[PDB]
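Before any comments, here is the structure.
We use all heavy atoms of the structure for the numbers below, so side chains are in, but hydrogens, waters and symmetry mates are not. Throughout, numbering of the chain's residues begins at 1 and tracks the sequence.
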Amino acid sequence: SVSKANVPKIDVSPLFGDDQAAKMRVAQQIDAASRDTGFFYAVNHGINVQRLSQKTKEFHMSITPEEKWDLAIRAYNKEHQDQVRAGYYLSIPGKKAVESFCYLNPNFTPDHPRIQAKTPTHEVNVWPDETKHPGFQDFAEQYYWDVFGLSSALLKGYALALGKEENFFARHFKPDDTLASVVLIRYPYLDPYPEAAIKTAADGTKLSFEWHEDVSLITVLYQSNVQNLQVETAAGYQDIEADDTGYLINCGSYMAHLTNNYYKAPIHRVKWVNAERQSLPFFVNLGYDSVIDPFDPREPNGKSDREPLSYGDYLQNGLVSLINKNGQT
Ligand SMILES: C=C[C@@H](NC(=O)[C@H](CS)NC(=O)CCC[C@H](N)C(=O)O)C(=O)O
Ligand SMILES: [Fe+2]
């Protein structure tokens, strides 16, 4: 009895090239989708998602409990006080089903200026032992750059969609400094499935993760072919169909801020499904000091009554608030 959300499939391949007219026609599609449900699938994106899913499966299914403590973020291992964002997010059998591995910009090395300054939200990635997970770090770091490239193209399309020059957002999205993250989330099959790991929405829907807006500029998401996401619209929560060949794209609340809610951050949630599956977001974050002056494409002079917000301020505030609201994940 739940209706299907409108989530168009947009061929984003022009965004990689030099046909300006064609890019405008993609931008229009992005504009339409962003004004409607706030979701679309990017197709013709060039990324080998089957291989991503296979490498990720090999990792999730071979990592051991020992390795998970050794990689754990601070919320699970108090010895790892520098790991707020990057590392392993453990399950809790009987209580919490989901588990995940998060990594940041591979350029955040020990000698990076923001790591030396101990700037919040910047960390040096932690990795399992190479001999236990051969090839994994190298694959994961290359994936970061492949999805970075897609995301830069997408950001060209959002900039054109909003009446700007194509580098309006991408000029703030740079390999040396982006705060973007990849999260490799495992949602398990469990028999029996612990009730304590199932939340219940006001409308009675069983959930794995409650309603929220994303903490991002845009989110660039690969998921297995198991339907699970729902978007709130004017006609209520609607099901977002799965497509394990595309990337699911939506705006996060930084985009809503910069656009004066012209491109809303859609409110969405994750249904509980008893199936072994993957959820692999790339959160498109800018640099710590990046500031985009807010504007309003519905107003003749483009002016907004919002104040400029630096991305770093936005991000550290947002991640903490999301944990408080919906739980440590
Ligand atoms: C995107 C779908 C996925 N949800 C998520 O990943 C949820 C909600 S968007 N996101 C988060 O909790 C933020 C993780 C941020 C990350 N640790 C970082 O430091 O950058 C899910 O399937 O649950
Ligand atoms: Fe989300």
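The number of heavy-atom neighbours closer than 6.0 Å to CH2 of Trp127, taken from other residues, nucleotides and ligands shown, is above 12. Within 6.0 Å of CD on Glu66 lie no more than 12 heavy atoms contributed by other residues, nucleotides or ligands. With a 6.0 Å radius and a threshold of 12 heavy atoms from other residues, nucleotides or ligands, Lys57 has its NZ atom at or below the threshold. Annotation: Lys4, atom NZ; neighbour count of heavy atoms from other residues, nucleotides and ligands within 6.0 Å is above 12. Within a 6.0 Å sphere centred on CG of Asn324, heavy atoms belonging to other residues, nucleotides or ligands number more than 12.
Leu309 and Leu217 fall within the same hydrophobic cluster, where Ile, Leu, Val, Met, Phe, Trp and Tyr residues are linked whenever their side-chain heavy atoms come under 4.5 Å apart, directly or through other members. The hydrophobic cluster containing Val84 does not contain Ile115, counting ILVMFWY residues as joined when their side-chain heavy atoms lie under 4.5 angstrom apart, directly or transitively. Residues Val126 and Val182 share a hydrophobic cluster, clusters being chains of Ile/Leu/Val/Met/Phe/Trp/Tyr side chains in contact below 4.5 Å. When the side chains of ILVMFWY residues are joined at heavy-atom separations under 4.5 Å, either directly or via intervening members, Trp145 and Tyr103 end up in a single hydrophobic cluster. Following chains of ILVMFWY side-chain contacts shorter than 4.5 Å, one can reach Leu286 starting from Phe168, so the two form part of one hydrophobic cluster.
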Q. Run the side-chain contact (heavy atoms from CB on, under 4.5 Å) check on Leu207 and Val270 step by step: do they pass?
A. CA-CA 6 Å; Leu207 302 179; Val270 176; over 6 Å; no
**Q.** Working for salt bridge (charged side-chain N to carboxylate O under 4.0 Å, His left out), residues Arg114 and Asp177
**A.** CA-CA 9 Å; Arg114 291 288 195 176; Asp177 71 2; over 6 Å; no
Q. Which is it for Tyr76 and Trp69 under the ring pair (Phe, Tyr, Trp, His ring centres under 6.0 Å) test, yes or no, and what are the steps along the way?
A. CA-CA 8 Å; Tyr76 298 98; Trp69 288 121; 7.6 Å; no
Q.
For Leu248 and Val7: C-alpha separation, side-chain torsions, deciding distance, then whether side-chain contact (heavy atoms from CB on, under 4.5 Å) applies.
A. CA-CA 9 Å; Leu248 185 68; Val7 181; 3.9 Å; yes
Q: Starting from the C-alpha separation in whole Å, work towards a yes-or-no answer on side-chain contact (heavy atoms from CB on, under 4.5 Å) for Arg186 and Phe101.
A: CA-CA 9 Å; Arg186 176 188 178 188; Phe101 177 77; over 6 Å; no
**Q.** Full working for side-chain contact (heavy atoms from CB on, under 4.5 Å) between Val215 and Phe283
**A.** CA-CA 8 Å; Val215 176; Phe283 296 108; over 6 Å; no
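Contact detail for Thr178 and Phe108: the closest heavy-atom pair is O-CZ, 3.3 Å. The shortest heavy-atom contact between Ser279 and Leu221 is OG-CD1, 3.6 Å. In plain terms, the two heavy atoms of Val284 and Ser151 that are nearest each other are CG2-OG, 3.4 Å. In terms of heavy atoms, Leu154 sits closest to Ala42 at CD2-CB, 4.4 Å. A pairwise comparison of heavy atoms in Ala180 and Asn285 identifies N-CB, 3.6 Å as the closest pair. Nearest approach of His60 to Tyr88, heavy atoms of both residues: CD2-OH, 4.2 Å.
Formation of a donor-acceptor pair under 3.5 Å by the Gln29 side chain with backbone atoms of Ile10 is not found in this model. Distance alone, capped at 3.5 Å, is enough to place a donor-acceptor pair between the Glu165 side chain and the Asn167 backbone. Panel note: side chain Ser100, backbone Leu184; no donor-acceptor pair is recorded below 3.5 Å. Side chain of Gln316 to backbone of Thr121: no donor-acceptor contact under 3.5 angstrom is found. Side chain of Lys96 to backbone of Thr329: a donor-acceptor contact under 3.5 angstrom is found.
In this structure, OG1 on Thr219 lies 8.5 Å from CD1 on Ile249, to the nearest 0.5 angstrom. A distance of 7.5 Å separates CG in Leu160 from CG in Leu15, rounded to the nearest 0.5 Å. The CG atom of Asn260 sits 13.5 Å away from atom CE of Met255, with the distance rounded to the nearest 0.5 Å. Atom CD of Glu99 is separated from atom CD1 of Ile185 by 11.0 Å, given to the nearest 0.5 angstrom. In this structure, CD on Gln328 lies 10.5 Å from CG on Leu90, to the nearest 0.5 angstrom. In this structure, NZ in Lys78 is found 15.5 Å from CD1 in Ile73, a value given to the nearest 0.5 Å.
Checking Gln50 against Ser53 by side-chain atom types alone, no donor-acceptor pair falls below 3.5 Å. Checked by atom type, the side-chain pair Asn225/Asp244 shows no donor-acceptor distance below 3.5 Å. Side chain to side chain, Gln227 and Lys271 meet the donor-acceptor criterion of an N or O pair below 3.5 Å. Under the 3.5 Å distance criterion, with hydrogens and angles disregarded, no donor-acceptor pair is assigned to the side chains of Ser310 and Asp289. Inspection of the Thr56 and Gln278 side chains reveals no N or O donor paired with an N or O acceptor under 3.5 Å. Between the side chains of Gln142 and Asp146, a donor-acceptor pair is found at a separation under 3.5 Å.
With salt bridges taken as basic N to acidic carboxylate O contacts below 4.0 Å, none links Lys174 and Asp176. Ion pairing between a basic and an acidic side chain is recognised when a charged N comes within 4.0 Å of a carboxylate O; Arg74 and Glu79 show no such pairing. With respect to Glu166 and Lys23, a salt bridge is recorded, a charged nitrogen being found less than 4.0 Å from a carboxylate O. Ion pairing between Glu213 and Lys264 fails under the 4.0 Å rule for side-chain N and carboxylate O. Under a 4.0 Å N-O distance rule, the pair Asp296/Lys303 does not qualify as a salt bridge. By the 4.0 Å N-to-carboxylate-O rule, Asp31 lies close enough to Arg35 to be salt-bridged with it.
The distance between the ring centers of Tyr237 and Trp211 does not fall below 6.0 angstrom. Two rings, from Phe148 and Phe282, have their centers 6.0 Å or more apart.
Note on ring orientation: taking the six-membered ring where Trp is involved, the planes of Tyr247 and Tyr143 are parallel (angle under 30°, cut-offs 30° and 60°). The aromatic rings of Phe40 and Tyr158 sit tilted relative to each other, their planes meeting at an angle between 30° and 60°.
Considering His122, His172, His112 as possible partners of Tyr288, the one that fulfils the ring pair (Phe, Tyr, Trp, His ring centres under 6.0 Å) test is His122. Shown are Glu232, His212, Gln230; of these, the side chain to side chain donor-acceptor pair (under 3.5 Å) with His268 is made only by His212.
When the salt bridge (charged side-chain N to carboxylate O under 4.0 Å, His left out) test is applied to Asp111, no partner is found at least two apart in sequence or on another chain.
Relative to the six-membered ring of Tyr262, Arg298 misses at least one condition, a distance below 6.0 Å or an angle of at most 45° to the axis. With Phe295 as the aromatic partner, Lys164 meets the cation-pi criteria of under 6.0 angstrom to the ring centre and within 45 degrees of the ring axis.
Sequence neighbours left out, the pairs with a member in residues 301-321 that pass ring pair (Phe, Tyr, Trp, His ring centres under 6.0 Å) are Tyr254-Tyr311, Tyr254-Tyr314, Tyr311-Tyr314.
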